[PDB]
Amino acid sequence: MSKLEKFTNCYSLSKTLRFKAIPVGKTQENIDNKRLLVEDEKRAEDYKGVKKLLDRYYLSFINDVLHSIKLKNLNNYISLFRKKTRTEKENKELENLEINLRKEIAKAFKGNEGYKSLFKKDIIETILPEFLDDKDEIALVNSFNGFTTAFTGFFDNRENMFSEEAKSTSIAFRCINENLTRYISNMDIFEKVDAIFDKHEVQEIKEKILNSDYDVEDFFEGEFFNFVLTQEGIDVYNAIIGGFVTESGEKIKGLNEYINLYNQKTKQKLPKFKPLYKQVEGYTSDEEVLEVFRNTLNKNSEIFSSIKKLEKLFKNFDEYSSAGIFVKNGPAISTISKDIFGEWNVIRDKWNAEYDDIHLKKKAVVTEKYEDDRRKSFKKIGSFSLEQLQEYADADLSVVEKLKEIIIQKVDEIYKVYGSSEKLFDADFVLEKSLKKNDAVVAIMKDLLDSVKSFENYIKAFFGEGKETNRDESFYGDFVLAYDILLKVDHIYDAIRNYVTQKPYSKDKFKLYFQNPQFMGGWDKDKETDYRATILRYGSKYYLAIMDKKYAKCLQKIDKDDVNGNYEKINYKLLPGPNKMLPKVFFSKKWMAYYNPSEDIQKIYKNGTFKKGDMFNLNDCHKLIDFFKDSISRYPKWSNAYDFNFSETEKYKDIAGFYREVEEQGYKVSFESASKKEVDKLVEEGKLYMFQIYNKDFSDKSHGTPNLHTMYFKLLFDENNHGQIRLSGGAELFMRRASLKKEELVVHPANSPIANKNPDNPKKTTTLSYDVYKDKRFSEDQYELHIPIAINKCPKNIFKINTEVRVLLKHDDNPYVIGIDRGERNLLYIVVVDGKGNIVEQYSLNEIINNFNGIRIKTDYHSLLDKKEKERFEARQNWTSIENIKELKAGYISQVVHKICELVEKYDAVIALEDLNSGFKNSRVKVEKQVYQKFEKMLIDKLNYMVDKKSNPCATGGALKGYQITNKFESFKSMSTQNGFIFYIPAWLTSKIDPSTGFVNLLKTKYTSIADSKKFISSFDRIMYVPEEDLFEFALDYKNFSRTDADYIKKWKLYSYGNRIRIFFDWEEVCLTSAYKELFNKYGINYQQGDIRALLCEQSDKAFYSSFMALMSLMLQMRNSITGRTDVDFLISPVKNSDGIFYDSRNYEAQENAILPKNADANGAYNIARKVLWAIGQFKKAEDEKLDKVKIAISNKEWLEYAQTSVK
Amino acid sequence: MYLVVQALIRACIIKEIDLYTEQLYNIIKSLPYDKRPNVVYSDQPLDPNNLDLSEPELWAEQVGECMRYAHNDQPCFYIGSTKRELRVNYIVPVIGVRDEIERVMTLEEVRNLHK
Amino acid sequence: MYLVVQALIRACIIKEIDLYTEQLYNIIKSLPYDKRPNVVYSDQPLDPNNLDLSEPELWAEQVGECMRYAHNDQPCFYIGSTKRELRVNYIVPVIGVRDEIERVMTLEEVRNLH
DNA sequence: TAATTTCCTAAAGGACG
DNA sequence: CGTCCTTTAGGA
RNA sequence: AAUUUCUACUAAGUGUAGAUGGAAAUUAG
Ligand SMILES: [Mg+2]
Ligand SMILES: [Mg+2]
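Residue numbers (the authors' numbering), protein chains in the order written: chain B, 1 to 280, 292 to 1075, 1084 to 1227; chain A, 120 to 234; chain C, 120 to 233.
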């Protein structure tokens, strides 16, 4: 058997097919003359308004009831989290206290003030009339009468606010875990520096403007958490933190602003308080965007006043303290150090030098774990002072002058691009096009918005966390009061890109009702009389049928007869949630009709003693079992319809097993006959709207392979579909408006030779025998229908998948591995490997080879993406041009997925995907981060029900029997080291490693000084020119060298084999041995003495060791590309293998299936695959009980030892 | 009068422009997409005699698809790829790149560009 | 007041009629030879707004091969076949097949004639 | 934009005409 | 007494 | 350059090859 043979039928799934509804006959005219269209359209246009009024009343309710809450268990929990719990089995009673707190807050909500007259029908009929005094407002709520039950979706989106499930969408988890945690944190931060803040500078105003009683100090203290739970209390909390308004434009200082004011020492490095959480521009027209633009971003605006205030403030920049400027470390310092000096991370290099002096000893080898800890601590250390930039600068350079000058020159750039563009800023500017299509105006807003947004990003580093201690002050006052005014232009930027990238279509729609709040409940037998929605099958062409309101029983008295026309009809209702359904039907005034007062069963249901809270008793649970099993046995609505072939008395050792059995058996859809002429007459008379469900595989012309969704909708009524794929209810109906107006369509003409846009399409020009339009489907008022299907509602093979893959793979002897990775010349490079490490196939995915009918026509994507990026280069507006690259990439990742799902069943493998939580990659690779994260979400949710269309539906792999070889995707941070078959692996030391040796360049070979270079040379062992191999052998020991802790052999023989590629940006190819001969004879050293380390530590000029360090680094590159030509790249090894020949990629690109990787990218995929092969080797070492806890996140030294032990 | 027929010869030059546009539209369709010439686009009609090429209100991008409207047969043009929604009614073939417009490309230059 | 402006209108109508025949030439080439309609060929610009249908001087036969000139871009038209060698540059379709000219063929009725 | 929920229901209760 | 909404009930 | 919808198209003529889970609410950026 296979491994994927076992992985079937694991768990449940909810997919929404959707389809287009074609009106058949005069039914569209029936909707028109019956005056049925505008009714839902006006109903779906005040539904938001009555929902807003209802949320207004609900906020009134919460404002009423939060002023009467009292959490009595606060007094102990404020101590017990201030215990430093150390677990020791003490935190679980701590969690019981917390669940008591989040329960006891709900008791005021769910207990009192009605609360059944809060979500029932009574609210919009009685209370919201009283809760409103304007006639127009009551006119809205008096319209939805009779249609109250439509809000059951909204009410079920309301009742999650009041629950206790530790979901974020409660109020309980808000006011405990998002409120008390920050409360006690800010309380402890308040209690540490409480003696900092005095009376006569902040307290004398905050005692009277905020509260005028209980002034300040009790707030963080203890028992004032029971006030901050409301919106006005957290508003006072924010006014303490952010600063009050006092109804005027003074905007006086707050307490966190007083820690931004306590700056008179100039040594900050201490945290502030934190704000708290609380629950419950364009895009209208073109001239409104123009109004917003030239009225909120003219030079007359306050934002430009903030700019001029910043200009005069930075005119006074050097007249303050040169130590009171903190700048926040992060992504910013790499550009900060590059704009002051011109080098990338020399301030990081200066701090790294200083921390090398502080914490590392006087020994000549850095620990690589100390390097990783130094990286994580440099990311941990908050900010650096401007005096620390004075000490990191050399002599004759104070750093404040360059910041002042470049800031003034950048706002001068803003000034100059404003003055060159003031021709638009006349407020009576008249447009000429739609700005979606216009280009001359969009570029101006672009170049101004980019200047002001780039300066905003240029000054976003200059905060240092904001809530910091001692610093400089009077710079920072005008700084923050100009920055708060400035920052709204970026929200304007995000708004205008949400207008220039508007859709040409319109996906506005609304919910169809047909005068029925019970519209489209579910597919059923008897409830056709209420939901008024039945599916009719004819030939292979389907129909939905809606009758009307006042003829609601027109689908009853229809028979077979044989008039040579007979639509079929689908029936056999479900049984939704029998664990809640059978008590709903069996104790609800039905017990008296069928039974009497036994009572014994009534008491054990009354205790709930068949659930947990008691284990069970074989009388206690099984009295329920036979009571249900025999009360069903006389129910005439179901017992004739369903065969309840049940298991015996001893199989049901719980209650969930029988409930799962009736969940399995309760859905038996089949055909009912209804002849054609009378139902067509019923359509003709106007009693039955008959739509046709349609997609582009239902037509007679569609002879290709159908859509996967159409395959599901065909399989829904197969005779092989037993209970696997059920067509559950909850379907809806939506109509989109025709938006491409008929004076605005474009259309290719008929019988005209139209050209082909695919370059590899061998037929070069096509003729069409009729008309084809552009986006015709938006030019028609079109109905669309959504049906929810439920796939695998009752599974059998139930187990945890992450354990199962491991216990399967341990028993496996040759597990294949597919590894995917990113790159530059290729977007994704597939490798696939065996259990030994032997490569079995590899290729690039720049071309996707679509195949049909035995003919395969390859589709390049990289040259297409090059065309679109070449358009973005000469784009002149860069907003319609950069969104389409993003959508093309999310139109490209949707075709690699079929190749991956083909390869998985082809090779029984697992997949190894490059992680993106723990790596800062090269920022030059093509498929960037927001596309790769989108890719992994589209490989998990396809592997959830993996199905290949061209297979037998009955067999395994088919659409009745998809493999479910992963779990559900959760979140972009919850993707950690295992999910199904998808392994996440980090991508460290993965590109720059030869696959025949396992060698790595690990040194730090750029020049700083002569004696350090001589230290480097004396750390070498042998530097002797071998004459018959005509190279220079470099025997070195990694124990001699710094930061080389991670290696395994630590004894390598480097060489000058082959040529390299120097950057110089220019391009420079250099052959290495001749370059070394030139550098030696340029400086005159006889280099035939074998070891000559003493000879190389005798030169005393900088111009040699600056020139030798570059060549020594360029010996070890193995990443030799031009990035101007896709064909010219190679990865080459400076190390002999176990035989003694080297590895050149040029020897292996021109081979059928090379036993080494072909290109520099295939090396990356192959080394991702080797880590999963090491994990396979790890899986056999442990045992079947510990296999669920094997650590996979492989540290570097283990990986290097695996890599060097690979070739033996 | 001297400002009346010059309110009329302006209607003669549009009859010239539309013939130039239709003559262009029958030759762009006959090209592969990597051989499409850079054009200058606008929605006002553009005279290929003068053009006032120094005007800063016009760029020089490639031409994508050549299509036709629905009710009339007026040949709109797509600049760049399809999904840009850049519909335009008047193009003039040039040889200059995006902002430095060198000269106006002539008809036989486009005709020979097919090869 | 009518001295040189006649030459202006004389040119404007020629630009109009050449716009019309260059609207027509592509639809002409996209027709099969058994559907090639009947023309009022003149090698003289004959205004499609009136058609001047009183004169029976114009012969009415079936149009043949639609070649392009090599010197200019002009739509040269042949009547019958190549074997007649009748090189004409101005045609308008009607339903006036043999010599009996009744009604005008407009553009949507030569497009739908395909 | 991303995280996080609820639903993916037939049948009793009843208001009313 | 249909008819037409409202509410409803909680497996491991 | 057609589409339930997106993406590439024309792929042999009203289409092809892949994918697609919707409706609503709330929070944070
Ligand atoms: Mg298909
Ligand atoms: Mg498209």
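Beta carbons are placed, not taken as given, at the ideal position from N, Cα and C, and that holds for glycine.
CB of residue i within 9 Å of CB of residue j, strictly
{"i": "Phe1031 (chain B)", "j": "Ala920 (chain B)", "result": "no"}
{"i": "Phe173 (chain B)", "j": "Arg56 (chain B)", "result": "no"}
{"i": "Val303 (chain B)", "j": "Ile503 (chain B)", "result": "yes"}
{"i": "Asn179 (chain B)", "j": "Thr169 (chain B)", "result": "no"}
{"i": "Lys267 (chain B)", "j": "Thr480 (chain B)", "result": "yes"}
{"i": "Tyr429 (chain B)", "j": "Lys310 (chain B)", "result": "yes"}
{"i": "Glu223 (chain B)", "j": "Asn75 (chain B)", "result": "yes"}
{"i": "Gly830 (chain B)", "j": "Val843 (chain B)", "result": "yes"}
{"i": "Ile105 (chain B)", "j": "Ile127 (chain B)", "result": "no"}
For residue i: DSSP bridge partner residues
{"i": "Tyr209 (chain A)", "result": "A:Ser161"}
{"i": "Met1035 (chain B)", "result": "B:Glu1044"}
{"i": "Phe682 (chain B)", "result": "B:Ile581"}
{"i": "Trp1063 (chain B)", "result": "B:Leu1047"}
{"i": "residue 1076 (chain B)", "result": "It's not possible to place residue 1076 (chain B) here, given that chain B moves directly from 1075 to 1084."}
{"i": "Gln181 (chain C)", "result": "C:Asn157"}
{"i": "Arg737 (chain B)", "result": "B:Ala801"}
Residue i - DSSP class collapsed to helix/strand/coil
{"i": "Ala556 (chain B)", "result": "strand"}
{"i": "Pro156 (chain A)", "result": "coil"}
{"i": "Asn191 (chain A)", "result": "coil"}
{"i": "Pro23 (chain B)", "result": "strand"}
{"i": "residue 1077 (chain B)", "result": "No coordinates exist for residue 1077 (chain B) in the structure shown, because the numbering of chain B passes directly from 1075 to 1084."}
{"i": "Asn169 (chain A)", "result": "coil"}
{"i": "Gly153 (chain B)", "result": "helix"}
{"i": "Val1226 (chain B)", "result": "coil"}
{"i": "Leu547 (chain B)", "result": "strand"}
{"i": "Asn1182 (chain B)", "result": "helix"}
Minimum Cβ-Cβ distance from residue i to chain C less than 9 Å
{"i": "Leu127 (chain A)", "result": "yes"}
{"i": "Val124 (chain A)", "result": "yes"}
Short CB-CB distance (under 9 Å) between residue i and chain A
{"i": "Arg788 (chain B)", "result": "no"}
{"i": "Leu138 (chain C)", "result": "yes"}
{"i": "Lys134 (chain C)", "result": "yes"}
{"i": "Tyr784 (chain B)", "result": "yes"}
N-terminal and C-terminal residue of the alpha helix (DSSP H) that residue i is part of
{"i": "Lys688 (chain B)", "result": "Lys687 to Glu696"}
{"i": "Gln853 (chain B)", "result": "It is not in any alpha helix (DSSP H) - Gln853 (chain B) instead sits in the beta strand (DSSP E) that spans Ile850 to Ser855."}
{"i": "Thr540 (chain B)", "result": "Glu539 to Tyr542"}
{"i": "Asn91 (chain B)", "result": "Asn91 to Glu104"}
{"i": "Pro594 (chain B)", "result": "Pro589 to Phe597"}
{"i": "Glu913 (chain B)", "result": "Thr891 to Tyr918"}
C-beta neighbour in chain B for residue i, strict 9 Å
{"i": "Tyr152 (chain A)", "result": "yes"}
{"i": "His190 (chain C)", "result": "no"}
{"i": "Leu143 (chain A)", "result": "no"}
Span of the beta strand (DSSP E), counted from its first residue to its last, around residue i
{"i": "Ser1125 (chain B)", "result": "Taken as a continuous stretch (DSSP letters only), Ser1125 (chain B) belongs to no beta strand (DSSP E), being part of the alpha helix (DSSP H) at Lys1121 to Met1134."}
Which residues have their C-beta within less than 5 Å of a heavy atom of ligand 3, listed in chain order? Ligand 3 is not among the ligands present in this structure, which contains only ligand 1 and ligand 2.
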